[PDB]
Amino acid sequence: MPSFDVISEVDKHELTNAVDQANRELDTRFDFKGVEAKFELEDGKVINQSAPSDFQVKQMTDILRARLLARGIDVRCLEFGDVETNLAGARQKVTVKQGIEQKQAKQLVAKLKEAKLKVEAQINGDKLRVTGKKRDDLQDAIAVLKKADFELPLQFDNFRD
């Protein structure tokens, strides 16, 4: 029975490149002249945005999206926390979501079952392995998973037979 893995992963280097290019891009923008603002990648999972005002962080969000997309990253993996403002300025934590949690995995099994597909899905850590009797059932699952309404970017690899 052939199988593949449904994954939700972000390349750690390209994630670093996008943040570096976003900081470089701020240094060339005229409305951030001498303005204390920065992106900080934390543990390869959290991007901390900080600026004097709520609007300037909103601008940085547009920069961060464009940079991540420019390095091939589906920005739907971004989880934006609340914009926190104190006297020092505005700060916002953006979680770069990776891996398929048990919550989203069971959701992934349920629309597969809902789609009454000839596949058997099993959670294995933060990935979902899909097994079917033939390869075209797997693509039927892959084609369905692509055209779904999901809160996570999905990739597919580790095709075994």
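Numbering starts at 1 and follows the sequence shown.
Comparing the deposited coordinates for 101 to 109 and 41 to 49, the stretch with the larger average C-alpha B-factor is 101 to 109. Higher average CA B factor: 139 to 147, of the stretches 8 to 16 and 139 to 147. Comparing the listed residues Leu117, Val94, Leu64, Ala70, the entry records the largest Cα B-factor for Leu117. When the CA B factors of the chain's modelled residues are split into thirds, the value for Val130 lands in the lowest one.
The PDB entry assigns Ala90 a C-alpha temperature factor belonging to the lowest third of its chain's modelled residues. Per-chain ranking of the deposited C-alpha B factor places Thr28 in the highest third. Per-chain ranking of the deposited C-alpha B factor places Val35 in the highest third.
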